[PDB]
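This document starts with two versions of one protein chain, written out as structure tokens and named structure 1 and structure 2.
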Structure 1
């Protein structure tokens, strides 16, 4: 690493396969009904598809939530040839729940062809997880190891909006379901003990290029830190941050806390983009009291005087005041404005959480990664988590 300021952005467009978009993210669950049901109301992502006993699948229970291009898959084992996801392992899924509580199993990329992505990845050092399979109807599926037991899943299928999530999934449209304006996955972040081997491995087999980086001096506190690199596809629409702890500090790094509590590497957080995040957050906050998500404590009021100074030329007073009311973090550069906020942990352990983001700018379609990653927001997020961890420590 050289640090955020010294990193010269480039884009060689070195992808080894066509990484078109995030397709979905799959959580392996103790109970898919419980997780999907909670997430549906908490995020405004209505049930869109199911594959389970009611669809003839006795191998696994899968529920798909959608908010526009946000697609969350919740899969749990029952107590085989009927599986709609042939990579599914009941034993592994059962162990996963015990090992982590709620957490991400698979990060799915839509690719031109699953077999080609798999072949190109494995020829450039990817560890195979699931050999390519024809799912029928022109669908391809393959998986390789991403970090720890999280897999990178390749999905290919013909263009067409009649297309099922996957063959064997049955559509759902609930009378009176609503969304809260979530549009797409923005980024998916992994925590690992050692960054350099994982970054080399993933960039190696994907051809994904460095989009950004952050050292402890960029985003850490007096007491703790991390190092981060973000890998990106050619269009910089698929963004995969990677964090490692830094050791020898006054406190333990929140990334090491994660590894300790999670029981190994995994997805720390998933960022969900909205075209009006302030509106989205108003809806999500209304559901907080009745089992929805909560948000990390906002910065003090003086922060929001800074937001005026730094971003008052792009954001209206109405938006800035709403940012303050909702506890949103604001960062800007010459291309974009970043609005970001983090939930409290979404399961039992202080591990996995979610992020709501809006990128303002770079209108052309919007250019991928508009506004990049904000050093200012990053350092506030990090401080936020550190403070959260201290509160937990204060009650021992």
Structure 2
């Protein structure tokens, strides 16, 4: 945590493009995720689009783009994602269940970002192709069975997602306010070699970094590093467990139940996460996502000190009604809530956030939003535990 930014990207990583989850049936996860996140179906490539290889359904809420893909029974030239391996998809679901297979970035050229990546260490995974329309697809391995997909497309274009995908516009479809992906975090057994591997090939630089003296629940804990693209728009953190602890990490609990490295959580950022949260919790009771237990009152009594200078009492009283966590950085405020495990295993979960502050000006006096404004809520580990404990003593 020097916080420098050497702009060392080896390829132009413009933005997150989508995230592809694999499973045995895409209809069902897509279904739930739509209702739960307010990310209605925006595109499909199934049998009805002439694709006999895979069934791909795509949820969108603004920039947020959750792709769900699954194999049909048993062609192959009908695939719209030609990286797709039925054999490998089947394995993935058997090994993990609901989990993220790919993390896609939009880049300048897919061919180039690969070549530069592979040349700077990256393990290949899918050899660049032209999907027509001037769309490029290329994949390198990131951690474990998770791949880093590259996607390039002329700025105008047609196929809004990928060639072969037929758009979808249900009327009655409403989003809940999720604007963008913020960060995509991977649990790994040992951090150093993984961190090196990626920065090695992407040219991403360290943005932040927390070890675990009081950054890990109880005896166990985690060692987190954050890797950032030049613009600090794309953030790929990594957790590892702290070794030789007395109790077991949840980063280890993940690794065990998941059967390897993989994406632990994805943070979905909103411009009114409170408003978003209301919609999301209304669905909780009928098949949406359920959230972690609300912090006890003491927590908030504390956020009235920490962040009362920048949050109104009407805001904080709402943050409390909705179990939202609060954290400050050098110059900003992070609102933060975590879902319960989203699939069957205590593995993957989602993070809903809002970033308040850090808006700087350029060389002509134009305001931009500094990414990572508010940090990632490292304080809430420590601050939950002590309030959770102080609560219980308050009960004799």
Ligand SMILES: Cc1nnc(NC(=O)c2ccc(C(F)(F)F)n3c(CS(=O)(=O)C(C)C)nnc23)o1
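Residue numbers count along the first chain shown, from 1. The term rigid core refers to the maximal set of C-alpha atoms that superpose within 1.5 Å between the two forms.
_Between the two structures, is it 1 or 2 that corresponds to the form solved in complex with this ligand?_
Only structure 2 fits here, because that chain is the form solved in complex with this ligand.
_Rigid-core frame, C-alpha of residue 18, shift of 2 angstroms or more between structure 1 and structure 2_ = It does not, since the residue 18 C-alpha is displaced less than 2 Å between structure 1 and structure 2 after the core fit.
*Comparing between structure 1 and structure 2 on the rigid core: C-alpha of residue 196 shifted by 2 Å or more?*
No; that C-alpha moves by less than 2 Å between structure 1 and structure 2.
*After the core is overlaid between structure 1 and structure 2, has the C-alpha of residue 159 moved by 2 angstroms or more?*
The answer is no; the displacement is under 2 Å.
*Please state the CA displacement of residue 336 between structure 1 and structure 2 in angstrom, with both forms fitted on the core.*
Its C-alpha moves by 1.2 Å once the cores are overlaid.
*Per-residue C-alpha deviation between structure 1 and structure 2 [residue 381; rigid core superposition; Å]*: A shift of 7.6 Å at the C-alpha.
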